[PDB]
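# A closer look at the structure
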Amino acid sequence: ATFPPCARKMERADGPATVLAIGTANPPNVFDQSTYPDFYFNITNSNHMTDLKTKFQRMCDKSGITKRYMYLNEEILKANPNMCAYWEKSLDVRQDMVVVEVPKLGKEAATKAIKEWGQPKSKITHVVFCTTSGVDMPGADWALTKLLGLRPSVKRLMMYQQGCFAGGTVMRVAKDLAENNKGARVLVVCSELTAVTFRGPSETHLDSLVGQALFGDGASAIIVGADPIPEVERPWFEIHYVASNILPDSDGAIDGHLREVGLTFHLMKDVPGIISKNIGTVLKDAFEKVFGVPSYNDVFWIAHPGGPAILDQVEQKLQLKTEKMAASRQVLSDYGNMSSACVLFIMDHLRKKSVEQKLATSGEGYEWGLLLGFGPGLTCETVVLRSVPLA
Amino acid sequence: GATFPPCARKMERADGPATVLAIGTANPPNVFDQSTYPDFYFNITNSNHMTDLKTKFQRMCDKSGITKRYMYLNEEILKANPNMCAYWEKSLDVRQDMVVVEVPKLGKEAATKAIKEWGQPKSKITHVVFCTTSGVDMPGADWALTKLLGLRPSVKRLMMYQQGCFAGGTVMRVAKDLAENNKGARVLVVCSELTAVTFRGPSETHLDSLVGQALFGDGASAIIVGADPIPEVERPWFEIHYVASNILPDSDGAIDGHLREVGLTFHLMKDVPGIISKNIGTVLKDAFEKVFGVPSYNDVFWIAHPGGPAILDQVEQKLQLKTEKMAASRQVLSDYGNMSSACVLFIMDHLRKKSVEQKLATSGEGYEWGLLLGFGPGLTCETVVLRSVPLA
Ligand SMILES: O=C1C[C@@H](c2ccc(O)cc2)Oc2cc(O)cc(O)c21
Ligand SMILES: O=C1C[C@@H](c2ccc(O)cc2)Oc2cc(O)cc(O)c21
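Residues numbered from 1 in each chain as written, not as in the entry; some residues may be left out. Chains lettered and ligands numbered in written order. Heavy atoms only, no water.

What follows deals with the environment of A:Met49. All names here are of chain A. Here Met49 is to be found in the loop between α1 (36–43) and α2 (50–61). With relative accessibility at 15%, the residue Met49 sits in the buried group. In this structure, the C-alpha to C-alpha distance between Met49 and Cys84, residues 35 residues apart in sequence, is 15 Å. Setting aside anything within four residues of it in sequence, one finds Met49 in contact with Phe41, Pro201 and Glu203. (Helix = DSSP H or I, 4+ residues; strand = E, 2+ residues; numbered from the N terminus. Buried < 20%, exposed > 50% of the residue type's maximum accessible area, 1.4 Å probe, protein only. Contact = heavy atoms within 4.5 Å.)

As structure tokens, then:
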């Protein structure tokens, strides 16, 4: 039924997939969240909606966000009233920005990780590009290859319209890319701009208004590879286990539609409830596969900060000491919800703070840890990591 | 820069090559004869007065190598939406309404056929890869297919949106690493394309857009890919041995596609069949050196994405292939048109059945090795070196 077998024609690697470098970047315009409602209702000329604006200040005050970064600014928004309206034909100007600027922002981040990695660009064999902001053909992955000058033969994978969970998904993809091909070095970039989703306020769509309070811009990048060249490359985290789950009872919890008015956002279920109701069995299964088992308080946490209530209730139902979501709360506070890019921001922050504080490992002195993606589906991606030992 | 002491791989990997274990296809119900499509198209777009354009379109249609296409769009549907029959009126929203529903739906038909031939319970599918360039949504068509098929909540999904005609080669490259790096992985790969996003009226000043209206058709195909097959339970059809991607030289801008409020727009800004056929020699000889260190182009089997007849004709020409090499690729073009990422999988199915039916020695026309090729928008060339299985 088969021809005589032959040796693996493309040699695989032997160790686990490993993060060799992380780099991040953000657009230049900073918005303090405490005065965001004044700004938002000005630039959308909706100051007549007094009660709604009061509702919005509530949402921002409780978002857990201190500031956000945006490609958009007051100059750009006044030039584009159709994006300042709530529901106006827009999609073309929105595309015209993001198809250019998300690979640009991904380039900044990619270049920092490449600098930290320190090997020549030519040793990059795969590119994985992930975004929720706009689509084009050829894709941002191709544009990133052009902007960087990688080999024309890099193997590319373009991930469009993914949602907040794909920070976890890119780990699972790069895991197989790096481990099945010997010598592979995977450049992974998540780049997100809210220009597809900024819109004016509407008194009958408060869920859209939550989005306006939570979403910010940012790009994150990592270099993943197996069998790191000792004394030349530097490991920071190891990918050991990956899993994906559509949580029970979550049909229709979050939807997003790309329409003539841009990307629209729709909440219809208790997202933090469903996540914290089901996270225990998700992580129990994972820990059984991986170990046979350490506590939840004795691993490092990298969790996507969908909103504060997600981290709050996961912290509550799993009885985590408040220090566990710290690195995750810290990123949400400095940047808001950057969709897929958040977890690589948390991962970078976690390792840097581990070094500065001279802890035993790169995961706050713990050996094992979790990366968690949350989004539409409701979809949960689970990534069990190992850190590296540190001085 | 130290490392915790190594431990055995947490997730066991497979050892054999990724193997195709089943193929299924499906098409929408509405059939459009190619010879009289010009009469139909120019009438439904209210342009019978564009009389020189029509005769140019009849020329493209007759010289397209296509005998018929299948489409979700029918007559009735198109009159419901005059903004889609215009060349350039805003209509993305009615397009999205169609394809976010019908893309997963047609993929379900193909996937169910595939699972039936595969023979195993659908509960043993561990991975889903959904490939399309018809519309986007959150959650994606990959989520909807999981729902309509009733697969496990915990399938590892990969959602490929807005890909291009090369991605039928990309899914194979994607599924190769999924299957090989995960012992017992069984990957459902589905490509599903509907022209509802790309259909639009004619324009004298955009004959590239008009080329697409002559070549693009609808369809979906699905495969099951796994490594280390269960002996006597599963049946291997092709093995994936080597994959490669190249952006062809100086091909900057040859094929673009933009999703706008008027839908998906299509542009040819260079000589595409020339660029492919000028460089495919270099692409193929590198792949053959990698896997063989060596069979001749006429002694392998060919699954070539038939973006249009000129491409196949000029690859046939400059590699100097005996004309039965591209036979199977032309057959699918003739019977279906260009179905974007779904074509090479239709060709793979037709190739193996033609081989079984004519009692040849392997699933690949009697050859051990073969090529699957994708072409699209970098200009990107996807290369797959495959092996057949012996039949008797
Ligand atoms: O509507 C959006 C915008 C998107 C987004 C966030 C930040 C960014 O920078 C770019 C896009 O995030 C989302 C995530 C979802 O799960 C569902 C959604 O509808 C959206
Ligand atoms: O314009 C389109 C539409 C798409 C398509 C084909 C058939 C089908 O049924 C659905 C979509 O194929 C493409 C492939 C490309 O490389 C570039 C493009 O611009 C396009």
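The full set close to ligand 1 counts 17 residues, and A:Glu192, A:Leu193, A:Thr197, A:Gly216 and B:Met138 are the nearest of them. Residues lining ligand 1 come from chains A and B. A distance of 2.9 Å separates an oxygen atom of ligand 1 from a polar backbone atom of A:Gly216. Protein chains bury 100% of the 430 Å² of accessible surface belonging to ligand 1 in isolation. The biggest single contributor to the shell around ligand 1 is strand β10 (residues 262–267) of chain A, with 3 residues. Split into classes, the residues belonging to the shell around ligand 1 amount to 7 nonpolar, 8 polar and 2 charged. (Near = heavy atom within 4 Å. Polar contact = N/O pair within 3.5 Å; in protein donor to acceptor, adjacent residues only side chain to side chain. Areas by Shrake-Rupley, 256 points an atom, 1.4 Å probe, with all protein chains shown as cover. Nonpolar A, V, L, I, M, F, W, Y, C, P; charged D, E, K, R; others polar.)

On to the interface of chain A and chain B, then. In this assembly, 78 residues from chain A lie in contact with 77 residues from chain B. Taking both partners together, chain A and chain B bury about 6,800 Å²; carbon and sulfur atoms supply 52% of that area. Counting across the interface, chain A meets chain B through 10 salt bridges. With its nearest N and O atoms 3.7 Å apart, the salt bridge here joins A:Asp14 to B:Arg13. One can count 42 residue pairs in polar contact joining chain A with chain B. Among the secondary structure elements, those contributing two or more residues to the side of chain A that touches chain B are α5 (91–117), α6 (140–148), β5 (155–159), α7 (166–180), β8 (237–246), β9 (254–259) and β13 (379–387) of chain A. Split into classes, the residues belonging to the side of chain A that touches chain B amount to 32 nonpolar, 22 polar and 24 charged. (Buried area = accessible area lost by both parts, 1.4 Å probe. Salt bridge = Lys/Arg side-chain N within 4 Å of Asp/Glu carboxyl O.)

This part covers the packing of aromatic side chains. Taken as a whole, this structure holds 36 aromatic pairs over all chains when the rule is applied. Seen from their ring centres, A:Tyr335 and A:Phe345 are 4.8 Å apart, and the 65° between their planes marks the pair as edge-to-face. Note that A:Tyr335 is positioned in helix α11 (residues 326–335) and A:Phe345 in helix α12 (residues 342–356), a separation of 10 residues in sequence. On the basis of relative accessible area, A:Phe345 is assigned to the buried category, the value being 3%. Measuring from ring centre to ring centre gives 5.3 Å for B:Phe292 and B:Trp369, while their planes differ by 90°; the resulting arrangement is edge-to-face. With a relative accessible area of 24%, B:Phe292 lands in the partly exposed category. The exposure class of B:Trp369 is buried, given its relative accessible area of 12%. By way of ring pairs, the aromatic residues A:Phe31, A:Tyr36, A:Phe39, A:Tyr40, A:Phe41, A:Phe56 and A:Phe198 are connected into one cluster. The ring of A:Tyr36 has A:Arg68 sitting right over it, with the charged end atom 4.5 Å from the ring centre. Its end group placed over the ring of A:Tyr366, A:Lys324 keeps NZ or CZ at 3.9 Å from the ring centre. (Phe/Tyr/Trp six-rings, centres within 6.5 Å; stacked < 30°, edge-to-face > 60°. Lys NZ or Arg CZ within 6 Å of the ring centre and 35° of its normal.)

Residues and elements named next belong to chain B. Looking at the assigned domains, one finds that chain B contains domain 1 (18–227) and domain 2 (238–387). With 53 residues of domain 1 in contact, the opposing surface of domain 2 contributes 45 residues. Regarding the contact of domain 1 and domain 2, the summed buried area is about 4,200 Å², with carbon and sulfur atoms giving 61% of it. Seen at the junction of domain 1 and domain 2, the total is 3 salt bridges. Where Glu382 meets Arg173, a salt bridge forms, and the shortest distance between an N and an O atom there is 2.5 Å. The tally of links between domain 1 and domain 2 comes to 25 residue pairs in polar contact. For the side of domain 1 that touches domain 2, the secondary-structure elements that each account for two or more residues are β1 (19–26), β3 (68–71), α5 (92–118), α7 (167–180), β6 (186–193), α8 (207–215) and β7 (219–226). By residue number, the principal contributor to the side of domain 1 that touches domain 2 is α7, which donates 8 residues. (Domains from an automatic or database assignment.)

All names here are of chain A. As enumerated under the stated definition, the model contains 46 salt bridges over all chains in all. For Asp38, the salt bridge identified is with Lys53, shortest N-O distance 2.7 Å. Residue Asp38 is located in helix α1, and its partner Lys53 is located in helix α2; the two are separated by 15 residues in the primary sequence. Connected via shared salt-bridge partners are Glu116, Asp348, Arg351 and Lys352.

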